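Here is the structure we will look at.
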Amino acid sequence: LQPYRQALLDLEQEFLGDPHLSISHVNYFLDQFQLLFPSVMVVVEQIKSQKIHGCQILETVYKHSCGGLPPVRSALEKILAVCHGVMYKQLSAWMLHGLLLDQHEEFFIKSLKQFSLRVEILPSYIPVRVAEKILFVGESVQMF
Amino acid sequence: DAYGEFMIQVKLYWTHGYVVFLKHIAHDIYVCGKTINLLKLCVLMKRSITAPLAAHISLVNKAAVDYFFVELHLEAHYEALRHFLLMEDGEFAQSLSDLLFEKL
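Going down the list, the protein sequences come from chains X and G.
Quick note on numbering: the first sequence equals residues 97 to 206, 253 to 286 in the UniProt record's numbering.
Quick note on numbering: the second sequence equals residues 547 to 556, 566 to 574, 586 to 608, 1482 to 1543 in the UniProt record's numbering.
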């Protein structure tokens, strides 16, 4: 949301230079947020309303980043990268030792049982095959 | 730190007691201190703070066990009490019991 704040700052600078700017002028400058703001609102609204738990948040934003509007797609894709950061941070633990960091929220992984794979919650851009490989690494490093 | 924020506190000889952060080395230090205080009268995890610490615990315990044997001959005191208290040695049991049972 940083360029919206920046745009409003520049608007005040022009208002100080001359305040006789019409309202449609401001509308003309801010038309590039005029399409971006109503689109992302339903993504965030569905996240609140459905009380989403676990890895499904990643899938929900990844599905709306398949569109054909470049501002909306790039904006949601950056949020998904930020949310990838946390998953990679817990993955740095479970594959390397087996320890978890995220409690009570799913990160698509829990030697044998009490360290098994949770297959269902897994994101939609990730195949099952690589989840099997991750599960091997964690179980084995826990074993020895 | 006997102020009450530290988990450890201040014959049998020691009344030092002990009764989230890795307690796996914390509880080890509590016993590793009883050993040294006796020798004076004789991901998130720690992976660079535990490294000069667990390297010291094992050295302390093994050197303390070594001192007893190679300086005070603790391994000889066992095979000393075995001669009498288990009555292993001959010329002692055959002389003690034979004299004692004549009375009763």
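Even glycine gets a Cβ: it sits at the ideal position worked out from N, Cα and C.
Pull up the distance between the alpha-carbon of residue i and that of residue j, whole angstroms please.
{"i": "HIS593 of chain G", "j": "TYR573 of chain G", "result": "8 Å"}
{"i": "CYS608 of chain G", "j": "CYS598 of chain G", "result": "15 Å"}
{"i": "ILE205 of chain X", "j": "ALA103 of chain X", "result": "43 Å"}
{"i": "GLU1518 of chain G", "j": "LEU1525 of chain G", "result": "10 Å"}
{"i": "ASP106 of chain X", "j": "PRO167 of chain X", "result": "21 Å"}
{"i": "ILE602 of chain G", "j": "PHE203 of chain X", "result": "45 Å"}
{"i": "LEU1539 of chain G", "j": "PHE1523 of chain G", "result": "16 Å"}
{"i": "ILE595 of chain G", "j": "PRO269 of chain X", "result": "46 Å"}
{"i": "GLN152 of chain X", "j": "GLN199 of chain X", "result": "16 Å"}
{"i": "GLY163 of chain X", "j": "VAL157 of chain X", "result": "11 Å"}
{"i": "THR570 of chain G", "j": "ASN1500 of chain G", "result": "20 Å"}
{"i": "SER1536 of chain G", "j": "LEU1513 of chain G", "result": "29 Å"}
Run through DSSP, which three-state label would residue i get?
{"i": "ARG260 of chain X", "result": "coil"}
{"i": "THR601 of chain G", "result": "helix"}
{"i": "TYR100 of chain X", "result": "helix"}
{"i": "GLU202 of chain X", "result": "coil"}
{"i": "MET553 of chain G", "result": "coil"}
{"i": "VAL279 of chain X", "result": "helix"}
{"i": "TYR568 of chain G", "result": "coil"}
{"i": "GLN146 of chain X", "result": "coil"}
{"i": "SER1534 of chain G", "result": "helix"}
{"i": "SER135 of chain X", "result": "helix"}
{"i": "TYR573 of chain G", "result": "coil"}
By the DSSP assignment, the alpha helix (DSSP H) with residue i in it spans what residues?
{"i": "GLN152 of chain X", "result": "152–160"}
{"i": "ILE175 of chain X", "result": "166–190"}
{"i": "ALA548 of chain G", "result": "That residue, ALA548 of chain G, is in no alpha helix (DSSP H); it is neither H nor E in DSSP."}
{"i": "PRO265 of chain X", "result": "Premise fails: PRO265 of chain X is in no alpha helix (DSSP H) and is neither H nor E."}
{"i": "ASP127 of chain X", "result": "119–130"}
{"i": "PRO1491 of chain G", "result": "1490–1511"}
Throw me the rounded Cβ distance for the residue i and residue j pair, which I believe falls under 8 Å.
{"i": "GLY194 of chain X", "j": "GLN284 of chain X", "result": "4 Å"}
{"i": "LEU605 of chain G", "j": "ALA1515 of chain G", "result": "Rounded, the Cβ-Cβ distance is 20 Å, inconsistent with contact."}
{"i": "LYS255 of chain X", "j": "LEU197 of chain X", "result": "About 21 Å; that fails the 8 Å criterion."}
{"i": "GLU201 of chain X", "j": "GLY150 of chain X", "result": "6 Å"}
{"i": "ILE276 of chain X", "j": "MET191 of chain X", "result": "6 Å"}
Worksheet item: Between the stretch 254–268 of chain X and the stretch 1505–1524 of chain G, are three or more C-beta pairs nearer than 8 Å?
Response: Under the 8 Å Cβ criterion, the stretch 254–268 of chain X does not count as touching the stretch 1505–1524 of chain G, having fewer than three qualifying pairs.
Item to complete: May I ask you to verify whether the stretch 119–136 of chain X touches the stretch 163–180 of chain X, counting CB pairs closer than 8 Å and requiring at least 3?
Response: Between the stretch 119–136 of chain X and the stretch 163–180 of chain X there are three or more inter-stretch CB-CB distances shorter than 8 Å, so the stretches are counted as touching.
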